[PDB]
Each structure stands twice: as structure tokens, then as C-alpha cells.
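Data block below; observations after.
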Amino acid sequence: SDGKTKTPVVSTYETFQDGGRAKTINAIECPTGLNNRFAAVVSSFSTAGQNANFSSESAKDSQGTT
Amino acid sequence: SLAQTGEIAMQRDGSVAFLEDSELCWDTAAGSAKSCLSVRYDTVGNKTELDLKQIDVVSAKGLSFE
Amino acid sequence: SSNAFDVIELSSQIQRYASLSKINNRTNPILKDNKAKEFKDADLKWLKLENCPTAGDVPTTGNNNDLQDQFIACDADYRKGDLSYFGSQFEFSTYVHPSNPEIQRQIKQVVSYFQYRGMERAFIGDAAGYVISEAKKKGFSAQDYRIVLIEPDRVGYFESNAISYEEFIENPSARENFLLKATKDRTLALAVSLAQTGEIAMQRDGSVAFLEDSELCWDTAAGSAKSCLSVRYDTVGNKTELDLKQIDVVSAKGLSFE
């Protein structure tokens, strides 16, 4: 694509684990001569902070701000 | 009514077709393992598959699909 | 009264064996090594079926209700007559098989030797005339046809001195030159090589594989370089690559990747 070699972009739906701890995602195996790329984009969010469970793609549980 | 056998030489006009489930292979530098491919038909689903999974990577320039 | 016939029969059966990758739907045992040269013994145990009273080297289907392809009868012995079967020298090249890790080589050349135990060494020329006549009778071109003196080598033997069949018959100067060096450390023998050197056509059963680093091309009005493709290997990456970068656009319908 425009002189640069690319792999097809692959997508995952991610939420943070309870505890406000950072999220670990394993990097895809890149073919020899390519480097890993990553992008995160917002789907659903609220201001509930820790009082929420967004791990379901079909509904969002939001219990409000502390 | 003629039929062709495995011994038939492949012609540059392509009039001779591969036998069903036969694999087009390369002698490759992999040592003892060729990198083959075939066009398979799946009776359940009625769909033709161009199987390249014996080759690790397929490297194209431009690429389009449907 | 069958020595001239038997030399060509065994040689052609040895040549047939040399051209087969699988025998009775099982891997050819001579392709299951990695050595560049191997000598197969004159006893022809390596050419007899495994399902024989004394086990040979040729594999069977396992179920003996099918007709088992064989090359020589089980009691066959060609260490007879003026031209006595002496063994065969195989020369190999390293080879890449898609489905048998024990297959590491393919056959480059086979030369089968027949030592002359005739009354006079000079008479090997006549014995040569009958075999060559029987070979040409059955449609076989004898490649580099020669009377030879062979000595043991690291693997099998090597030809100390060799003379063309034409020179043994038409040049008495050259003939006695050759018969002279035939001493006790050498064995006087006939060297029988068959044919098939030219390049190979791709077959509709796909049994024939492309050669390494070869390119499959299309006539295009684009000229050159933009119509070909190949399967390349990366010696460090240990990955096979299907190189389509010579094609500008690849247009498929359905598409899946991993």
C-alpha cells in the first residue's frame, strides 16, 4: 500500500481488568522485515470509573461515579 | 470420448486440466519438504478452495478481494 | 543361451527402478538416504521383493491380494555367463520431498556393471555386440557405452581406464592398449547406462514438481517481469514465500488468512 508492505489489520475487543491495572495485549507475530503496529480506538465509555462492567459487546453496565 | 491420465503433459494453452485433488508443488530450498498448493472442492458447502497453507507466506503487490 | 538377453533385461529393470519414487505405494528405499554415491551389491537382494522367502529391499503394499510390482524373480541370479552381473553404481543429488523426511536424495545417474569372465579378454567385444543389438532391439540407447576396468573406491568402485565400444572394435592399437592394463587389481567389465537426460514436462497428476527458484510466467502484453511468480525460501527465516510481487494486482473473490 503506497510502496510500504502491510499485513491485514486484525481487531480485538478489549476491556480493563478489575483493579484499575494496566491492560496487557500480546503482539501479533510479524513476518520477517515488518514491525508491529497498534492502535486503540474508543467504542463505549462512561465516567463510572471502577463501578462498571463493559466486557459485554451487547450491553454496558454503568453504576456511576465514586 | 477421451480422458487424460496422469502421464499427460501440461500444455501451454492450458487445455489440459489438473486431476482432482492433485497438488502443484515446488522443489524448494527447505531441504526435504516441498511447498505445495491445490484447488480443493468441499462437497459440504459446495465451495472451491485455493489452498496455499503449505506455503508459509504469500507475498503480493496489489491485492483485491470480494 | 540367454546372457545377451539377460544383460539388457536386468539393466532396463534397474533403470525402471531408478526412475520410480514410490514402489507399491511406498517410498523407494534407495531414496531414503543422504549419501552422494552408493553401490548396490551384485546379489540383487536390494532388487527383490520384501515378501520373498529371503527378505529383499523392495517394499510391498502389505496386503498380498494385490499384484505386487517386482523387478526380478526371487530366485533370479545374474552372476552367470560370459557377462556376469557385478553391481550398480548410483550417483545422487540432494533432494526436497514434500512428505517423506527420510527422502533426502534423488537419482542422478545409474551405471550397471557386468564383469567379463569369458575365455579371452579380447572376446568381450563380441559379448558387447550381442547386448547392444538386444538393447537397440528393445529401444534402449546405451549412454556412453564402454568396456571398463574398475577398482574399489571409497564408495563402491571407480573406472581406472575406459574405452568406447567403437574404439574397442575399430582400433586394434587402442584395443591392445586397453587389454594391456587389465591386471589382477582391476576387473574387466561392461558398463551399461540407459537414457533420459533431457528436461522434464509438468504432468497433469502434479507428481512432477517445479525446480527450485524457477518462475512460472504468463505471456503478457506488459512485456517482461510483470507476469511471473515463484515459491521462494528464506534460508534464515525458515519460511516459504509465494512471490506474487511481480503481479501488479491480485484479484480474488473469497479470501482468508491466518
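Residues in the C-alpha cells are numbered from 1 in each chain, the chains being A, B, ... in the order shown, and ligands are numbered from 1 in the order shown.
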Q: Show which residues sit within 7 Å of segment 110-126 of chain C, as a PyMOL selection string. Count only C-alpha atoms, and ignore same-chain residues fewer than 6 positions away.
A: chain C and resi 11+82-91+168-169+187-193
Q | Spatial neighbours of residue 11 of chain B, max dist 10 Å, only C-alpha atoms, sep filter under 3 positions, as a count of residues only | A | 9
Please find the residues of chain C near chain A - the criterion being any atom within 10 Å, counting only C-alpha atoms - and write them as a PDB file with N, CA and C atoms, in the first residue's frame.
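Saved the output as out_3.pdb:
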ATOM      1  N   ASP C 234      13.415 -18.652   2.514  1.00  0.00           N
ATOM      2  CA  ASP C 234      14.321 -17.761   3.232  1.00  0.00           C
ATOM      3  C   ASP C 234      15.178 -18.633   4.145  1.00  0.00           C
ATOM      4  N   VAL C 236      17.315 -18.128   6.377  1.00  0.00           N
ATOM      5  CA  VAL C 236      17.351 -17.790   7.795  1.00  0.00           C
ATOM      6  C   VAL C 236      15.962 -17.841   8.420  1.00  0.00           C
ATOM      7  N   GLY C 237      14.950 -17.302   7.734  1.00  0.00           N
ATOM      8  CA  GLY C 237      13.616 -17.225   8.303  1.00  0.00           C
ATOM      9  C   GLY C 237      12.896 -18.553   8.408  1.00  0.00           C
ATOM     10  N   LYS C 239      10.945 -19.967   6.243  1.00  0.00           N
ATOM     11  CA  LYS C 239       9.605 -19.724   5.722  1.00  0.00           C
ATOM     12  C   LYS C 239       9.630 -19.768   4.201  1.00  0.00           C
ATOM     13  N   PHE C 257      -6.980 -15.527   5.641  1.00  0.00           N
ATOM     14  CA  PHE C 257      -5.580 -15.564   6.045  1.00  0.00           C
ATOM     15  C   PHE C 257      -5.533 -16.000   7.504  1.00  0.00           C
ATOM     16  N   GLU C 258      -4.324 -16.150   8.035  1.00  0.00           N
ATOM     17  CA  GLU C 258      -4.125 -16.634   9.393  1.00  0.00           C
ATOM     18  C   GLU C 258      -3.298 -15.630  10.183  1.00  0.00           C
TER      19      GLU C 258
END
Contacts of residue 3 of chain A at 12 Å (only C-alpha atoms; same-chain gap of 3+ positions) as a PDB file with N, CA and C atoms, in the first residue's frame:
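And here's selection_15.pdb as it stands now:
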ATOM      1  N   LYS A   6       2.445  -4.293   3.965  1.00  0.00           N
ATOM      2  CA  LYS A   6       1.495  -4.313   5.066  1.00  0.00           C
ATOM      3  C   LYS A   6       0.899  -5.705   5.210  1.00  0.00           C
TER       4      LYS A   6
ATOM      5  N   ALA B  60       2.191 -10.534  -1.964  1.00  0.00           N
ATOM      6  CA  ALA B  60       1.631  -9.890  -3.142  1.00  0.00           C
ATOM      7  C   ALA B  60       2.068  -8.433  -3.223  1.00  0.00           C
ATOM      8  N   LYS B  61       1.792  -7.833  -4.377  1.00  0.00           N
ATOM      9  CA  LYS B  61       1.942  -6.398  -4.566  1.00  0.00           C
ATOM     10  C   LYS B  61       0.598  -5.738  -4.288  1.00  0.00           C
ATOM     11  N   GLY B  62      -0.177  -5.496  -5.342  1.00  0.00           N
ATOM     12  CA  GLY B  62      -1.565  -5.128  -5.164  1.00  0.00           C
ATOM     13  C   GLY B  62      -2.405  -6.339  -4.803  1.00  0.00           C
TER      14      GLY B  62
ATOM     15  N   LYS C 245       4.783 -10.529  -6.130  1.00  0.00           N
ATOM     16  CA  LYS C 245       5.083  -9.108  -6.237  1.00  0.00           C
ATOM     17  C   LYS C 245       5.398  -8.706  -7.668  1.00  0.00           C
ATOM     18  N   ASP C 248       1.037  -6.910 -10.612  1.00  0.00           N
ATOM     19  CA  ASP C 248       0.674  -5.595 -10.096  1.00  0.00           C
ATOM     20  C   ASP C 248      -0.477  -5.702  -9.106  1.00  0.00           C
TER      21      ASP C 248
END
List every residue of chain B that has an atom at most 6 Å from any atom of chain C, giving for each one its closest atom pair and the distance in Å to one decimal, counting only C-alpha atoms, sorted by chain and then by ascending residue number, as JSON lines.
{"residue": "B:6", "atom": "CA", "partner": "C:205", "partner_atom": "CA", "distance": 4.4}
{"residue": "B:7", "atom": "CA", "partner": "C:203", "partner_atom": "CA", "distance": 5.9}
{"residue": "B:8", "atom": "CA", "partner": "C:203", "partner_atom": "CA", "distance": 5.7}
{"residue": "B:9", "atom": "CA", "partner": "C:203", "partner_atom": "CA", "distance": 4.8}
{"residue": "B:10", "atom": "CA", "partner": "C:203", "partner_atom": "CA", "distance": 5.6}
{"residue": "B:18", "atom": "CA", "partner": "C:204", "partner_atom": "CA", "distance": 4.8}
{"residue": "B:19", "atom": "CA", "partner": "C:205", "partner_atom": "CA", "distance": 5.5}
{"residue": "B:22", "atom": "CA", "partner": "C:206", "partner_atom": "CA", "distance": 5.7}
{"residue": "B:23", "atom": "CA", "partner": "C:206", "partner_atom": "CA", "distance": 5.5}
{"residue": "B:24", "atom": "CA", "partner": "C:206", "partner_atom": "CA", "distance": 5.4}
{"residue": "B:25", "atom": "CA", "partner": "C:209", "partner_atom": "CA", "distance": 5.0}
{"residue": "B:26", "atom": "CA", "partner": "C:210", "partner_atom": "CA", "distance": 4.5}
{"residue": "B:27", "atom": "CA", "partner": "C:212", "partner_atom": "CA", "distance": 4.8}
{"residue": "B:28", "atom": "CA", "partner": "C:212", "partner_atom": "CA", "distance": 4.9}
{"residue": "B:29", "atom": "CA", "partner": "C:233", "partner_atom": "CA", "distance": 5.9}
{"residue": "B:31", "atom": "CA", "partner": "C:96", "partner_atom": "CA", "distance": 5.2}
{"residue": "B:32", "atom": "CA", "partner": "C:96", "partner_atom": "CA", "distance": 4.0}
{"residue": "B:33", "atom": "CA", "partner": "C:98", "partner_atom": "CA", "distance": 3.9}
{"residue": "B:34", "atom": "CA", "partner": "C:98", "partner_atom": "CA", "distance": 3.9}
{"residue": "B:55", "atom": "CA", "partner": "C:240", "partner_atom": "CA", "distance": 5.3}
{"residue": "B:56", "atom": "CA", "partner": "C:240", "partner_atom": "CA", "distance": 5.1}
{"residue": "B:57", "atom": "CA", "partner": "C:241", "partner_atom": "CA", "distance": 4.8}
{"residue": "B:58", "atom": "CA", "partner": "C:242", "partner_atom": "CA", "distance": 4.5}
{"residue": "B:59", "atom": "CA", "partner": "C:243", "partner_atom": "CA", "distance": 5.2}
{"residue": "B:60", "atom": "CA", "partner": "C:244", "partner_atom": "CA", "distance": 4.6}
{"residue": "B:61", "atom": "CA", "partner": "C:245", "partner_atom": "CA", "distance": 4.5}
{"residue": "B:62", "atom": "CA", "partner": "C:249", "partner_atom": "CA", "distance": 4.0}
{"residue": "B:63", "atom": "CA", "partner": "C:250", "partner_atom": "CA", "distance": 4.7}
{"residue": "B:64", "atom": "CA", "partner": "C:251", "partner_atom": "CA", "distance": 4.7}
{"residue": "B:65", "atom": "CA", "partner": "C:252", "partner_atom": "CA", "distance": 4.7}
{"residue": "B:66", "atom": "CA", "partner": "C:253", "partner_atom": "CA", "distance": 4.6}
Q | 10 Å contact set for residue 28 of chain A, only C-alpha atoms, chain neighbours under 2 positions out, as an NGL selection string | A | :A and (10 or 25-26 or 30-31 or 35-38)
Only N, CA and C atoms, please: the residues just picked out, written as a PDB file, in the first residue's frame.
ATOM      1  N   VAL A  10      -5.947  -6.641  12.088  1.00  0.00           N
ATOM      2  CA  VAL A  10      -6.757  -7.582  12.840  1.00  0.00           C
ATOM      3  C   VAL A  10      -7.175  -6.904  14.132  1.00  0.00           C
ATOM      4  N   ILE A  25      -1.670  -6.846  26.159  1.00  0.00           N
ATOM      5  CA  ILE A  25      -2.088  -7.478  24.913  1.00  0.00           C
ATOM      6  C   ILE A  25      -0.854  -8.011  24.200  1.00  0.00           C
ATOM      7  N   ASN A  26      -0.910  -9.273  23.779  1.00  0.00           N
ATOM      8  CA  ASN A  26       0.217  -9.881  23.081  1.00  0.00           C
ATOM      9  C   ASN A  26       0.315  -9.351  21.659  1.00  0.00           C
ATOM     10  N   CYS A  30       4.988 -10.758  13.550  1.00  0.00           N
ATOM     11  CA  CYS A  30       5.114 -10.102  12.254  1.00  0.00           C
ATOM     12  C   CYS A  30       6.061 -10.883  11.354  1.00  0.00           C
ATOM     13  N   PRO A  31       5.753 -10.953  10.059  1.00  0.00           N
ATOM     14  CA  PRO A  31       6.689 -11.561   9.114  1.00  0.00           C
ATOM     15  C   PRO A  31       8.032 -10.848   9.148  1.00  0.00           C
ATOM     16  N   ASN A  35       7.327  -4.601  11.155  1.00  0.00           N
ATOM     17  CA  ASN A  35       7.336  -4.219  12.557  1.00  0.00           C
ATOM     18  C   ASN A  35       5.910  -4.157  13.074  1.00  0.00           C
ATOM     19  N   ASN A  36       5.767  -4.312  14.384  1.00  0.00           N
ATOM     20  CA  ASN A  36       4.437  -4.351  14.965  1.00  0.00           C
ATOM     21  C   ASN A  36       3.847  -2.951  14.987  1.00  0.00           C
ATOM     22  N   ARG A  37       2.559  -2.858  14.688  1.00  0.00           N
ATOM     23  CA  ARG A  37       1.826  -1.620  14.866  1.00  0.00           C
ATOM     24  C   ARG A  37       0.594  -1.905  15.708  1.00  0.00           C
ATOM     25  N   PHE A  38       0.096  -0.855  16.350  1.00  0.00           N
ATOM     26  CA  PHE A  38      -1.018  -0.986  17.268  1.00  0.00           C
ATOM     27  C   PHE A  38      -1.808   0.311  17.252  1.00  0.00           C
TER      28      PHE A  38
END
Q.
Using DSSP secondary structure from the backbone, list all alpha helix (DSSP H) positions within segment 97-217 of chain C, as a PyMOL selection string.
A. chain C and resi 124-137+165-170+172-181
Residues as selected, N, CA, C and O atoms, written as a short mmCIF file (atom, residue, chain, number, x, y, z; two decimals), in the first residue's frame, can you do that?
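File produced: out37.cif:
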data_model
loop_
_atom_site.label_atom_id
_atom_site.label_comp_id
_atom_site.auth_asym_id
_atom_site.auth_seq_id
_atom_site.Cartn_x
_atom_site.Cartn_y
_atom_site.Cartn_z
N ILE C 124 35.39 -59.88 -25.12
CA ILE C 124 34.35 -59.04 -24.53
C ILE C 124 33.69 -58.18 -25.61
O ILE C 124 32.53 -57.79 -25.48
N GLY C 125 34.42 -57.87 -26.69
CA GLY C 125 33.83 -57.11 -27.78
C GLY C 125 32.65 -57.81 -28.45
O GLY C 125 31.65 -57.17 -28.78
N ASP C 126 32.76 -59.13 -28.65
CA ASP C 126 31.63 -59.89 -29.21
C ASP C 126 30.44 -59.90 -28.25
O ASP C 126 29.30 -59.65 -28.66
N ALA C 127 30.69 -60.21 -26.97
CA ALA C 127 29.61 -60.17 -25.99
C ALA C 127 28.95 -58.80 -25.97
O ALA C 127 27.74 -58.69 -25.75
N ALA C 128 29.74 -57.74 -26.20
CA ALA C 128 29.18 -56.40 -26.27
C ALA C 128 28.25 -56.26 -27.48
O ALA C 128 27.19 -55.63 -27.38
N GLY C 129 28.64 -56.83 -28.62
CA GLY C 129 27.82 -56.73 -29.82
C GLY C 129 26.44 -57.34 -29.67
O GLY C 129 25.46 -56.82 -30.23
N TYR C 130 26.33 -58.45 -28.94
CA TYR C 130 25.02 -59.09 -28.77
C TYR C 130 24.11 -58.29 -27.84
O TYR C 130 22.91 -58.14 -28.12
N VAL C 131 24.66 -57.78 -26.74
CA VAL C 131 23.87 -56.97 -25.81
C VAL C 131 23.40 -55.69 -26.48
O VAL C 131 22.21 -55.34 -26.41
N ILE C 132 24.31 -54.96 -27.15
CA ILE C 132 23.93 -53.71 -27.80
C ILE C 132 22.87 -53.97 -28.86
O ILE C 132 21.95 -53.16 -29.06
N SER C 133 22.98 -55.09 -29.58
CA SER C 133 21.96 -55.45 -30.55
C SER C 133 20.63 -55.72 -29.86
O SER C 133 19.57 -55.31 -30.35
N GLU C 134 20.66 -56.41 -28.72
CA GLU C 134 19.43 -56.65 -27.98
C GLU C 134 18.88 -55.37 -27.36
O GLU C 134 17.66 -55.20 -27.27
N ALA C 135 19.76 -54.46 -26.94
CA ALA C 135 19.30 -53.18 -26.41
C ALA C 135 18.61 -52.36 -27.49
O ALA C 135 17.48 -51.88 -27.30
N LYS C 136 19.27 -52.19 -28.64
CA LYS C 136 18.66 -51.47 -29.75
C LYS C 136 17.43 -52.21 -30.27
O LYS C 136 16.57 -51.59 -30.90
N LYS C 137 17.35 -53.52 -30.04
CA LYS C 137 16.14 -54.26 -30.41
C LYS C 137 14.96 -53.85 -29.54
O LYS C 137 13.82 -53.85 -30.01
N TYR C 165 32.95 -48.37 -26.97
CA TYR C 165 32.70 -49.60 -27.72
C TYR C 165 33.20 -49.47 -29.15
O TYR C 165 33.71 -50.44 -29.73
N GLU C 166 33.04 -48.29 -29.74
CA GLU C 166 33.52 -48.06 -31.10
C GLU C 166 35.03 -48.20 -31.19
O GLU C 166 35.55 -48.75 -32.18
N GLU C 167 35.77 -47.70 -30.20
CA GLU C 167 37.23 -47.82 -30.23
C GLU C 167 37.72 -49.24 -29.95
O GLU C 167 38.75 -49.64 -30.48
N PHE C 168 37.01 -49.99 -29.09
CA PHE C 168 37.42 -51.37 -28.84
C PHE C 168 37.29 -52.23 -30.09
O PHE C 168 38.04 -53.20 -30.26
N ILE C 169 36.36 -51.88 -30.98
CA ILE C 169 36.06 -52.70 -32.15
C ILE C 169 36.80 -52.23 -33.41
O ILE C 169 37.16 -53.05 -34.26
N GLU C 170 37.07 -50.93 -33.53
CA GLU C 170 37.63 -50.38 -34.77
C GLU C 170 39.07 -49.90 -34.68
O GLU C 170 39.60 -49.38 -35.67
N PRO C 172 42.55 -51.55 -33.33
CA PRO C 172 43.35 -52.57 -32.63
C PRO C 172 44.48 -51.97 -31.82
O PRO C 172 44.89 -52.55 -30.81
N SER C 173 45.02 -50.83 -32.26
CA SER C 173 46.03 -50.13 -31.47
C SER C 173 45.46 -49.76 -30.11
O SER C 173 46.05 -50.07 -29.07
N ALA C 174 44.30 -49.09 -30.10
CA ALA C 174 43.65 -48.75 -28.85
C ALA C 174 43.19 -49.99 -28.08
O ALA C 174 43.23 -50.00 -26.85
N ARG C 175 42.76 -51.04 -28.79
CA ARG C 175 42.24 -52.23 -28.10
C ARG C 175 43.32 -52.91 -27.27
O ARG C 175 43.12 -53.17 -26.07
N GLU C 176 44.47 -53.22 -27.88
CA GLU C 176 45.55 -53.85 -27.12
C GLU C 176 46.13 -52.89 -26.09
O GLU C 176 46.67 -53.33 -25.07
N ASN C 177 46.04 -51.58 -26.34
CA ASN C 177 46.39 -50.62 -25.29
C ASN C 177 45.56 -50.84 -24.04
O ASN C 177 46.08 -50.78 -22.92
N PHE C 178 44.26 -51.10 -24.21
CA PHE C 178 43.35 -51.31 -23.07
C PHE C 178 43.54 -52.67 -22.41
O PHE C 178 43.74 -52.75 -21.19
N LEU C 179 43.45 -53.75 -23.19
CA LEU C 179 43.65 -55.09 -22.65
C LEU C 179 44.97 -55.23 -21.90
O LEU C 179 45.11 -56.14 -21.08
N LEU C 180 45.93 -54.34 -22.17
CA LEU C 180 47.22 -54.38 -21.51
C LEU C 180 47.11 -54.03 -20.03
O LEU C 180 47.65 -54.74 -19.17
N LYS C 181 46.42 -52.93 -19.71
CA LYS C 181 46.32 -52.51 -18.31
C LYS C 181 45.41 -53.40 -17.47
O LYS C 181 45.28 -53.15 -16.27
#
